[PDB]
Amino acid sequence: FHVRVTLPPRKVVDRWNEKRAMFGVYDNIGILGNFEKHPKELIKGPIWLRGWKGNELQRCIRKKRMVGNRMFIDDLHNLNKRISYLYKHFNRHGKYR
Amino acid sequence: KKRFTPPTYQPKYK
Amino acid sequence: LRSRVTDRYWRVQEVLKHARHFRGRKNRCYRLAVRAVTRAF
Amino acid sequence: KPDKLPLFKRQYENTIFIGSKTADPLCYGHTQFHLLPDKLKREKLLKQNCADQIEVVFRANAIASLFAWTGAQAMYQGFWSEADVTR
Amino acid sequence: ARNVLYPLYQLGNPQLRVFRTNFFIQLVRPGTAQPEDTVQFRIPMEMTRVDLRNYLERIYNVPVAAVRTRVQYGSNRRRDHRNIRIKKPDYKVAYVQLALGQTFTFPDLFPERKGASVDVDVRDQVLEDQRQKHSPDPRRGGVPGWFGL
Amino acid sequence: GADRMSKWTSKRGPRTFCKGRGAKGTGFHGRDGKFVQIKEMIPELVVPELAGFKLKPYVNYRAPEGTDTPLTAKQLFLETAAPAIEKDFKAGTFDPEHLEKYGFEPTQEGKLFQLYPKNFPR
Amino acid sequence: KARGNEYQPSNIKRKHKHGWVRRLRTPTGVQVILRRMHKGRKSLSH
Amino acid sequence: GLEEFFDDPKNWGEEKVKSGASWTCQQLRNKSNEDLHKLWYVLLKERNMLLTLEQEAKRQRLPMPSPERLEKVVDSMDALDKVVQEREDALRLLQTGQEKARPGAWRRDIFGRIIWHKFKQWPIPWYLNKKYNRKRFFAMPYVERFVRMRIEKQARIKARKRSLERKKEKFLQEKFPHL
Amino acid sequence: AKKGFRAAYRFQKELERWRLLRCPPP
Amino acid sequence: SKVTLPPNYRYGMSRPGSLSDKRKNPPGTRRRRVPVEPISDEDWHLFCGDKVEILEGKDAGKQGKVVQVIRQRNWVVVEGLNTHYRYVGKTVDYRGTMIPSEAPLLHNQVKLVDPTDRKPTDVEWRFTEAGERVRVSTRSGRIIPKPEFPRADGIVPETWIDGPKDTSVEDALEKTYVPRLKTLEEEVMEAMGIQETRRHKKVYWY
RNA sequence: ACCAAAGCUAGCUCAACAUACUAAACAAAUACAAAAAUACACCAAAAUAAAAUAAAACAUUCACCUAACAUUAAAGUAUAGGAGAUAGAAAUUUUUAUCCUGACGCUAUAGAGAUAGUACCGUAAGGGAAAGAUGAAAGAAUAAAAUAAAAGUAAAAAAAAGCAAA
RNA sequence: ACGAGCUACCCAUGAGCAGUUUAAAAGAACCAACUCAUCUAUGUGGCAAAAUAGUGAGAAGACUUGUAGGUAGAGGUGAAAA
RNA sequence: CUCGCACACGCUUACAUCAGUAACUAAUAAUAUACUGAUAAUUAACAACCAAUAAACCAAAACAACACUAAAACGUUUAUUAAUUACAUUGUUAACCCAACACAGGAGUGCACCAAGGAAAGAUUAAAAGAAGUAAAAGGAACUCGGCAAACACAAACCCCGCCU
Ligand SMILES: [Mg+2]
Ligand SMILES: [Mg+2]
Ligand SMILES: [Mg+2]
Ligand SMILES: [Mg+2]
Ligand SMILES: [Mg+2]
Ligand SMILES: [Mg+2]
Ligand SMILES: [Mg+2]
Ligand SMILES: [Mg+2]
Ligand SMILES: [Mg+2]
Ligand SMILES: [Mg+2]
Ligand SMILES: [Mg+2]
Ligand SMILES: [Mg+2]
Ligand SMILES: [Mg+2]
Ligand SMILES: [Mg+2]
Ligand SMILES: [Mg+2]
Ligand SMILES: [Mg+2]
Ligand SMILES: [Mg+2]
Ligand SMILES: [Mg+2]
Ligand SMILES: [Mg+2]
Ligand SMILES: [Mg+2]
Ligand SMILES: [Mg+2]
Ligand SMILES: [Mg+2]
Ligand SMILES: [Mg+2]
Ligand SMILES: [Mg+2]
Ligand SMILES: [Mg+2]
Ligand SMILES: [Mg+2]
Ligand SMILES: [Mg+2]
Ligand SMILES: [Mg+2]
Ligand SMILES: [Mg+2]
Ligand SMILES: [Mg+2]
Ligand SMILES: [Mg+2]
Ligand SMILES: [Mg+2]
Ligand SMILES: [Mg+2]
Ligand SMILES: [Mg+2]
Ligand SMILES: [Mg+2]
Ligand SMILES: [Mg+2]
Ligand SMILES: [Mg+2]
Ligand SMILES: [Mg+2]
Ligand SMILES: [Mg+2]
Ligand SMILES: [Mg+2]
Ligand SMILES: [Mg+2]
Ligand SMILES: [Mg+2]
Ligand SMILES: [Mg+2]
Ligand SMILES: [Mg+2]
Ligand SMILES: [Mg+2]
């Protein structure tokens, strides 16, 4: 439980940088823009997670279906094993049934 | 059954 | 986001302060102090 | 050191032999004849650039062979280091 | 030469000639009492007796008579700080016996100089005198001698 | 167990394991079991005469160097054949079919020191 | 009687059983060498 | 001439021995092949003498007098060898057009890699060679999987190296805000 | 390395307390 | 010859293969990495042998000559300006020769000074119309000559005497190459008169 | 007072883009018993995935399980199933180009096993680590400052009687 | 996938058995080297993950042993002790 | 007190000279073949690599005279071709190998039983209990499951089961 004996360097974080000032600026692009673009298109990230949300099993299933043809050998094997384990646990284990 | 436990040697580095 | 306890020193000391006047290892070891302090209370 | 001649040590049966066993009545020697091999020929030595070795090989062969054979005669007669030769 | 591709020899082929040899040898002082006509070389591991004989007879014009070679194995027992064995390289040792009766004795390549010895003795004496004069006076008992009074 | 990182040299095996250390062979095996050495297989060092040679292993320290201009095939051709080709073309006797008179070798199988097969060690 | 000395060294047997040539002479040994290469082993065989 | 392995007897005990600068590529190229051939042995004798001196210094546990001479000689010999190799390469490019002086081919061994197999010199053709015939230049169908693992491992190494370099650049920019 | 400033500040207060207990200022 | 260094190597004004550096950092050490501002060879305007001024430190405003530069840590050192005093002669019962050694300085703390007004200036690289790249000051607008410095060998070409094993300048610069289409081997054979009639047989390559 | 304790870095992880994918070294030697220049050959081979598990047993069955078609729906629908557990489409529909890419991921028992597939352990296939911390300068070690905070000891062995405390 | 460098059994290639009694080199007898391991006592985190001391059986044979090769697990080998 | 010398297999410098050992290895010191650093070393005659193609050829080794059965490894000559010309390459240390160890264990062959190898005891005292040995009055298995062990004995018989090695 030994704790450090010196003051850590105080992080000089500013609230008025470019990212913090323009955070989510076009969140209402559709509503205020005569609908052409959903707020889905502003999400940057993995291809299988743009404008989508699910639990671990659904996320693994979607990843395997979408980008499973470009995964490495061990990555695909790990994804398959994780899918199998999640299927078994979710469909056969738990309390509330 | 003749059950025997073989000793396991500690790693040589320590 | 990995979270770890940083005030464990004070968490231990809050119990160890009530066992300073004991005898044996109960005044030092936290495992033997929590049981002795509860019995004391 | 003798190792730089070069000579090499070996361990095997150490025998003292005259050319016949001790039971042979002809226990004394008269003359030996030694034929030099093809490795120690004059032309071979000249190619090897050993001009003065032509007589050294003869001297070494004579000394070693004659000493060995005379010592075999002496020890057949019954002389050794502590019973040094009388004739 | 070494690290080069020697042309294949077949019946009637031309004589193999090497123009710029890649072999570098060293002349070493024997660690064991050798006869007067024996000279000790450390030669590359790719060199043979005939190659060394030609090397000495042509480049240096040395009347050699015999050449005997052996391979000395370098120790592989010393361990690095990562517990990885460090191997000293193996090397070929050759003994060359001269022909025309020439006797070779390894010279003293580092003759000590009388002037250098005298200079070293003078420097040692000066250092000893400086140490003696810097040594504190026992009668002062640790009081610094820099201050006047 | 035995080692695996160590090199597998001729000192680490039985008597029947006699591996060479990298020296080139110099002959074959004769009739009665001896080794017959071939003279042509032994390299012959072509050592020049250094008695009258007026050069030393080190250069003068004040001697200037030059800009690095590695020799290329274009420069070699310009130096050895371009003047002859130009002069012959001006004279009008140039023969494109025959180039052996200019140093060109159509086939390397004829001469002693071949370039592509590399018949010479050094 | 007493065990533990089941390894009697011999270079001929070592090289004939776990050597480079022995590994490469069979399709399964080539797979073993490929596995060792993929793992990054310093020594693929004896 | 067995004394040529040693320096002049008047320089034996000297602490420092001066020498000229090393030979350079332009100076070597300015010389003819006769002078290059002679200078090769001129430098060979000096290199042997310097190696002898270094070994003797190690044996006597004393520093070698001005050990930069060996480095200079090695550099000069390397420059001479480079010049001769350049001339030979240019001539063989002019005469044959082959870039490499030794025959070779891009082969594919049983491990799936692409290697540059150099050709060895033989007295019999390839189809009659006991040792060469049992070699295998091709990959069996079970090697594609390991080839894919090799590709993916190299890709992972390169990707994490790129990420490390990007993180280092960002950290340096944050630490030194000179913009 | 545990991320945080509260623990460091609290231990600084503890260190000041220990120093005051060890060397009581006049 | 060159020495190899681990990536986690700290530079301390000592030669990497030197005994002092070896004793400071054994081969089994790997210290924390210090942040070094990336400055390229085309933007490093601080050379060795030029006069510079000191911005911050105990010797504020003092000028000195640069004696060494370390590009790995962006260090520049001047002779006897920013000095701490250390003892070099240490024995069991004697001490002395307390000399002032000098600490390294950063490029942000050392800036070049032009020789005209001897006042601090900012140096920017410019390309001249003559094909040369010479540093040009911006505060005043003048070029700064390259500070020629003696090399570490210790010999100057103006005073050099050839030894027994040195070529003369004329012999070294003499050109005797005749660029013909013969190999070194063929030319040596022709020069020495070595006659070889028989030729190699057919050799198969595979 | 010893033993000790605290650094912030090495580097890792997850995605996007991407040239289009077995890196650099390959002078010589490397599938003779690998790293051994050099002799009349022989070379090549395919034939289903199984089971652990679920059906509370287990026999028919048991999604993913190293074979491309992605997304919004039809739809968990038609169907297939000891018609049980479970499995499960299709016809037919939607999907606007590029930058805006970094981190409400870890900080040396964490993050890759990795300082490294190295030491070491096995005949072999194979398994597989721990170990870094001063400073602008150690070309400032008669070297300077912060904690002297875990367990274990010493400073300072114990005096009838007892879950050791109230 | 890897294992017959220990061990089970074979295939090649070698090697050992001294003295005494017997027309005997007789799967005879005494007893060495050598090979096994009957009984007892120590040892039981031991010298030893099976040993030491004494005492025992065989010791010209269905014998012991060196080197190298082969038989591989739904198997091998086995004078069957699973 | 007596397992010594060498070779083969195996380990690979642990071997030799000098120097140091505060600490690291020796289960402790002295110092050193076992730790540290520097420098040197094993030199071929012994051993390894070191002809094919056809033909004549039934007649054992065991002191081999001559035989037995279990039928037995070990060769010359003739004819055709075998580059032809000094010096090729490789193994040469050791107190060592396999057993986690500087382990009372496991290790092939030729020589002799010492002419070569070594030391059971760190220093005391002589409690109990324990291990090994020697001796013991009278008795002589009365001990014990059993004459196990031991003994100045080391002999003769009767059964069961397996013919015997
Ligand atoms: Mg030899
Ligand atoms: Mg191993
Ligand atoms: Mg060998
Ligand atoms: Mg051997
Ligand atoms: Mg010969
Ligand atoms: Mg074992
Ligand atoms: Mg079930
Ligand atoms: Mg269940
Ligand atoms: Mg059941
Ligand atoms: Mg069941
Ligand atoms: Mg299945
Ligand atoms: Mg039905
Ligand atoms: Mg049912
Ligand atoms: Mg880690
Ligand atoms: Mg405490
Ligand atoms: Mg009480
Ligand atoms: Mg076998
Ligand atoms: Mg076997
Ligand atoms: Mg007998
Ligand atoms: Mg019998
Ligand atoms: Mg016994
Ligand atoms: Mg007894
Ligand atoms: Mg006995
Ligand atoms: Mg008996
Ligand atoms: Mg009997
Ligand atoms: Mg079954
Ligand atoms: Mg079976
Ligand atoms: Mg039965
Ligand atoms: Mg049974
Ligand atoms: Mg060993
Ligand atoms: Mg030593
Ligand atoms: Mg000790
Ligand atoms: Mg020996
Ligand atoms: Mg004692
Ligand atoms: Mg007693
Ligand atoms: Mg008793
Ligand atoms: Mg008695
Ligand atoms: Mg009695
Ligand atoms: Mg009774
Ligand atoms: Mg009774
Ligand atoms: Mg009895
Ligand atoms: Mg009786
Ligand atoms: Mg009896
Ligand atoms: Mg029976
Ligand atoms: Mg009978």
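Protein chains in written order, with the entry's author numbering: chain Bn, 32 to 128; chain Bi, 38 to 51; chain BU, 10 to 50; chain Bw, 261 to 347; chain BX, 2 to 150; chain Be, 14 to 135; chain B7, 50 to 95; chain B2, 65 to 243; chain Bh, 31 to 56; chain BY, 11 to 216. All residues carry an ideal CB built from backbone N, CA and C; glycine is no exception.
Opposing strand residues paired with residue i [DSSP bridges]
i: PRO64 (chain BX); result: None, per the DSSP bridge assignment.
i: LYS261 (chain Bw); result: Bridge partners of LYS261 (chain Bw): none, in fact.
i: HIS42 (chain Be); result: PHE48 (chain Be)
i: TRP180 (chain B2); result: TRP170 (chain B2)
i: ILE109 (chain BY); result: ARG96 (chain BY)
i: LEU99 (chain BX); result: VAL65 (chain BX)
i: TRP85 (chain BY); result: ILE80 (chain BY) and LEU116 (chain BY)
i: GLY74 (chain BY); result: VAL62 (chain BY)
Alpha-carbon to alpha-carbon, residue j and residue i
i: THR186 (chain BY); j: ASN94 (chain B2); result: 7 Å
i: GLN11 (chain BX); j: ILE204 (chain BY); result: 21 Å
i: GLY84 (chain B2); j: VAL72 (chain Be); result: 5 Å
i: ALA328 (chain Bw); j: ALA2 (chain BX); result: 47 Å
i: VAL44 (chain BY); j: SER24 (chain BY); result: 17 Å
Minimum Cβ-Cβ distance from residue i to chain BX less than 8 Å
i: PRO266 (chain Bw); result: yes
Residue closest to residue i, alpha-carbon to alpha-carbon, out of the options
i: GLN337 (chain Bw); options: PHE268 (chain Bw), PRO297 (chain Bw), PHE293 (chain Bw) and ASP284 (chain Bw); result: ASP284 (chain Bw)
i: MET46 (chain BX); options: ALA36 (chain Be), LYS47 (chain Be), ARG75 (chain Be) and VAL60 (chain Be); result: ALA36 (chain Be)
i: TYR97 (chain BY); options: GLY90 (chain BY), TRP54 (chain BY), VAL87 (chain BY) and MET108 (chain BY); result: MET108 (chain BY)
i: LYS184 (chain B2); options: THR39 (chain BY), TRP215 (chain BY) and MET23 (chain BY); result: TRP215 (chain BY)
i: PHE117 (chain Be); options: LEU91 (chain BY), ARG190 (chain BY), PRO17 (chain BY) and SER30 (chain BY); result: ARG190 (chain BY)
i: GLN73 (chain BY); options: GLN82 (chain BY), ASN84 (chain BY), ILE80 (chain BY) and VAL88 (chain BY); result: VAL88 (chain BY)
i: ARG34 (chain Be); options: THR104 (chain BX), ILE26 (chain BX), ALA95 (chain BX) and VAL72 (chain BX); result: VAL72 (chain BX)
CB contact check: residue i to chain Bh, cutoff 8 Å
i: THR47 (chain BU); result: no
Neighbour flag for residue i against chain BU, beta carbons, 8 Å
i: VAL36 (chain Bn); result: no
CB contact check: residue i to chain Be, cutoff 8 Å
i: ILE165 (chain BY); result: yes
i: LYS91 (chain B7); result: yes
i: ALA154 (chain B2); result: yes
Beta carbon proximity, residue i to chain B2, threshold 8 Å
i: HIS87 (chain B7); result: yes
i: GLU113 (chain Be); result: no
Residue i at chain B7 interface by Cβ criterion, 8 Å
i: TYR196 (chain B2); result: no
Item to check | Ranges of the alpha helix (DSSP H) found wholly within the stretch 6–60 of chain BX, counting only runs of at least 4 | outcome: 50–55
Checklist entry - If you scan the stretch 109–187 of chain BY from start to end, which runs of the alpha helix (DSSP H) of 4 or more residues do you find wholly inside it? => result 179–183
Checklist entry - Which runs of the alpha helix (DSSP H) fall wholly inside the stretch 70–118 of chain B2 and span at least 4 residues, in chain order? => result 89–94
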